[PDB]
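[1] first piece of the complex, coordinates kept as in the full assembly:
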Amino acid sequence: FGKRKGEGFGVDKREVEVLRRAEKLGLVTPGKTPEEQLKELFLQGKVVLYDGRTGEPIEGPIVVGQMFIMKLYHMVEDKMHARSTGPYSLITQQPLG
Amino acid sequence: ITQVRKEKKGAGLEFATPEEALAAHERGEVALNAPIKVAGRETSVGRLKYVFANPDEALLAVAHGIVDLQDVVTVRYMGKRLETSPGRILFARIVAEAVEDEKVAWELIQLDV
């Protein structure tokens, strides 16, 4: 929010509405400035987020952050197996690939 | 969507009887003293302030930022003056919509919780 202050602009109608619904909630002490409230809310680990599809905010602060996430190994179990027709066992006559 | 909110009662909650209770707690609300959802038996100032004729009328006010969906308001339904929040009214519709027999839709739904 510091760079935001200097870059030239303050709070949105969006950022203010979520605050109302936020204090009605109990995430920010009622009576403090939006600048001071967003901080309290930010310290809570959640910030304001806009939908992206509508541009409207998401009623209520949503936490966000850097989470370390790994990709699991893709076995030949992932790479699907669908069979029409094919080989058959020599003694039992059941299908096998 | 269907839950109602409750916030602050520091000054009188008795609008049930005085007309000076309607004006005073309506101004006290405009002020900082009485919330839109106060434990005031009959109607917290939140219902006093807004009254919605048609069903739709209720939600338009919501989109415009006048009432949250979880706020306690008054609305006129098919034959009753029902004191039920926007969300609860919205849920009623969704159901009423899924199955066109709207009356048969309120018969089997409870918008009281």
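    That came through fine. Numbering: from 1, shown residues only, chains lettered A, B, ... in the order given.
[2] separation between the nearest residue to residue B:22 once chain neighbours are set aside and residue B:24?
    Leaving aside its chain neighbours, residue B:22 sits nearest to residue B:15 (5.6 Å; criterion: C-beta to C-beta, 6 or more residues apart in numbering or on different chains). All C-beta atoms are positioned from the backbone trio N, CA, C, and that covers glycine. To residue B:24, residue B:15 is 9 Å away according to C-beta to C-beta, to the nearest Å.
[3] of these two, which one has the most company?
    Using other C-beta atoms under 10 Å in any protein chain shown as the criterion, residue B:15 and residue B:24 rank with residue B:15 on top: 24 against 17.
[4] could I get the buried residue list for stretch B:56-75?
    B:58-59, B:61-62, B:67-75 (16 or more other C-beta atoms under 10 Å in any protein chain shown).
[5] of those, list those near chain A.
    residue B:68 (C-beta under 8 Å from any C-beta of the partner chain).
[6] nearest to residue B:44 among the buried residues of stretch B:56-75?
    Closest approach to residue B:44 among these (C-beta to C-beta): residue B:72, at 6.2 Å.
[7] now do the contacts for that closest one.
    Contacts of residue B:72 were listed using C-beta atoms under 8 Å, 6 or more residues apart in numbering or on different chains, and they are B:4, B:5, B:36, B:37, B:44, B:46, B:47, B:83, B:85.
[8] same list (these) but as a markdown table, adding neighbour count.
    Below are the contacts of residue B:72 laid out as a markdown table (neighbours: other C-beta atoms under 10 Å in any protein chain shown):
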| residue | neighbour count |
| --- | --- |
| B:4 | 17 |
| B:5 | 17 |
| B:36 | 21 |
| B:37 | 22 |
| B:44 | 25 |
| B:46 | 25 |
| B:47 | 19 |
| B:83 | 14 |
| B:85 | 25 |
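[9] ok, now chain C:
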Amino acid sequence: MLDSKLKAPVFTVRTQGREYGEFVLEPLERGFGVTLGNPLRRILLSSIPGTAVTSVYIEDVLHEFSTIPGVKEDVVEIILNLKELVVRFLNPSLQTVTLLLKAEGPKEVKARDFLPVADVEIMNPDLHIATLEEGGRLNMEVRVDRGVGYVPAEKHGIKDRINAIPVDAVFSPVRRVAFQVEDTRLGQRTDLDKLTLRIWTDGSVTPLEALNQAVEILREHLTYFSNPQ
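    Now chain C, sitting on the chains shown earlier:
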């Protein structure tokens, strides 16, 4: 044209009456139905200008929470019913029109009971105002204005007469809007958008008319990006 331009949004319409009207338009590139549907929705609700009861004055009543003898309904129920009244004026000269009505005795008061006004029309005649018993005296003056969106009775606070009571403003002729974006298949690439927006109107205007007005308010706004400074 044949390749990319003929492959143009097929505007399909399905409107019954002047209240409902579905509007389908496809194909659309990636995430465009949403980009078009949401704005048009925000416009259709607030932008389309209209007519709503802005204030009312019962002659013997002082406050909004009173009850009139010989009248079943309470002032609150009546002022409510007035919000339901949909009027239609024909020209700018009519900014604020006050409709007058007075009925007495064992009669039902409908919206067609209002004394006709030259340039104003009432498309909501049978709307029920009240039920008068006996010695039922109801004489009121209900204000009507042209505006946009929703204006709480608290925000404007109209005062033609000192004892009159303001009413919440319901200006748009469109009650509700709705748009869905379901995938559609164009031979080559499956990732496509299909926008269908359903519009509901009180009758004053038609869903199609509303849509047209909406896209215009949007285009007019897109031109406001002309002169830099």
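[10] back to the buried residues of stretch B:56-75, now that we've got chain C?
    For stretch B:56-75, the buried set under the neighbour-count rule, 16+ other C-beta under 10 Å, comprises B:56-63, B:66-75.
[11] touching chain C at all, that stretch?
    Yes. Interface with chain C: stretch B:56-75 contributes B:56, B:57, B:59, B:60, B:61, B:63, B:64, B:66 (C-beta under 8 Å from any C-beta).
[12] so of the buried residues of stretch B:56-75, which ones are in helices?
    Applying DSSP state H to the buried residues of stretch B:56-75, the entries found in helices are B:56, B:57, B:58, B:59, B:60, B:61, B:62, B:63.
[13] tell me the two of those that are most distant?
    Greatest spacing in those, by C-beta to C-beta: B:57 and B:63 (11.4 Å).
[14] write out the residues of chain C neighbouring chain A.
    C:31, C:34, C:38.
[15] from those, which single one is nearest residue C:115?
    residue C:38 (43.5 Å).
[16] chain center to the helix or strand the closest one falls within: distance?
    Using DSSP states H and E, the element containing residue C:38 is helix C:33-46. From the chain centre to the centre of helix C:33-46 is a distance of 16 Å (C-alpha atoms, centre = their mean, to the nearest Å).
[17] which one is residue B:85 nearest to, not counting chain neighbours?
    Residue B:85's closest residue in space is residue B:4 (C-beta to C-beta, 6+ apart), at 4.9 Å.
[18] all helices of chain B, in order?
    B:20-30, B:45-49, B:55-63, B:86-98, B:102-107.
[19] so of those helices, which one's packed in deepest?
    Stretch with highest mean neighbour count among those: helix B:45-49 (a mean of 22; mean count of other C-beta atoms under 10 Å in any protein chain shown).
[20] for it, packing partners?
    When contacts are defined as 3 or more C-beta pairs under 8 Å, 6 or more residues apart in numbering or on different chains; DSSP states H and E, helix B:45-49 sits against helix B:20-30.
[21] mind adding chain D? sequence follows:
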Amino acid sequence: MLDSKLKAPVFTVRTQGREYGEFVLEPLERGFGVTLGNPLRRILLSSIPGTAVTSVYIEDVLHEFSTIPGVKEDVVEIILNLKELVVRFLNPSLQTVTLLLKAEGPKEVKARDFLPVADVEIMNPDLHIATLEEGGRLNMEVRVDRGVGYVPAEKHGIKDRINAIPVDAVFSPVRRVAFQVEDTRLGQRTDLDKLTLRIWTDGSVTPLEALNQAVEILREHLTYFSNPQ
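    So, slotting chain D in with the rest:
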């Protein structure tokens, strides 16, 4: 004009370089900055067509997973850094331009080392392509095209030279968009919208150019509502 039309959105611009460009426009009625800002944003990111490395050919290299002697980086790391290259051509006549570069010995290969082409410009000069040691022979041909969105190297599969290897397409000259709607005061009513959207560009195109293209893609789409069916 003087009253309502002169009272028109004052388009003000503030752009430094071809990367950043703020765009302010006020006054606006109720909730319109949002109605205009979000769509344009969704356009600015997806729609705006651009440029990206479509294929590459190292002379002695056959596949994408090889390593060139005298060159620290591996073909994969290099082709990666090419995706980072942002070029800017000036006219439709240049649909596909092949940039050529060859450097030898103890020198660092930067993007300005590409032999200049008449109608094409490289706004990413200092980009690090590779570090050449000694006897470091690197002679490559990197294709460049004009397109839109993201195109997997697998989807197009370009083949100028049989042993060349395609690269993933990154066509948005815009990295990020941002718009704010702060209240503005017009003498009479305080409820007003002011929309200022900040746009950042790789350099290929300019924020202003991008905006113009965006509004156009929106208007062109508003015309697709013409023929009912």
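[22] the buried residues of stretch B:56-75 again please, this time with chain D.
    Neighbour-count burial for stretch B:56-75 [16+ other C-beta under 10 Å]: B:56-64, B:66-75.
[23] now residue B:43: closest residue in space, sequence neighbours ignored.
    According to C-beta to C-beta, 6+ apart, the nearest residue to residue B:43 is residue B:15 (6.0 Å).
[24] distance of that neighbour relative to chain D?
    Noted for residue B:15: a distance of 30 Å to chain D, by C-beta to the nearest C-beta, to the nearest Å.
[25] for the residue nearest the centre of chain C, which residues are in contact?
    Centroid-nearest residue in chain C: residue C:173, 2.2 Å away (criterion: C-alpha atoms, centre = their mean). Under the criterion of C-beta under 8 Å, 6+ apart, the contact list for residue C:173 reads C:48, C:50, C:86, C:201, C:202, C:203, C:204, C:205, C:210.
[26] partner residues bridging the second one?
    For residue C:50, the residues forming beta bridges with it (DSSP bridges) are residue C:147.
[27] so it sits against residue C:148, correct?
    Yes. Applying C-beta atoms under 8 Å, one finds residue C:50 in contact with residue C:148, separated by 7.2 Å.
[28] picking up where we left off before, now do the helix holding residue C:38 against helix B:55-63, angle only.
    If you take axes from the mean of the first three to the mean of the last three C-alpha atoms, to 10 degrees, helix C:33-46 sits at 110 degrees to helix B:55-63.
[29] that older thread, most widely separated two among the contacts of residue C:173?
    C:86 and C:210 (14.2 Å).
[30] burial of the residue in chain A that chain B sits nearest to, as a residue count?
    Across chain A, the shortest distance to chain B (C-beta to the nearest C-beta) belongs to residue A:24, at 6.0 Å. A count of neighbours around residue A:24, defined by other C-beta under 10 Å, yields 20.
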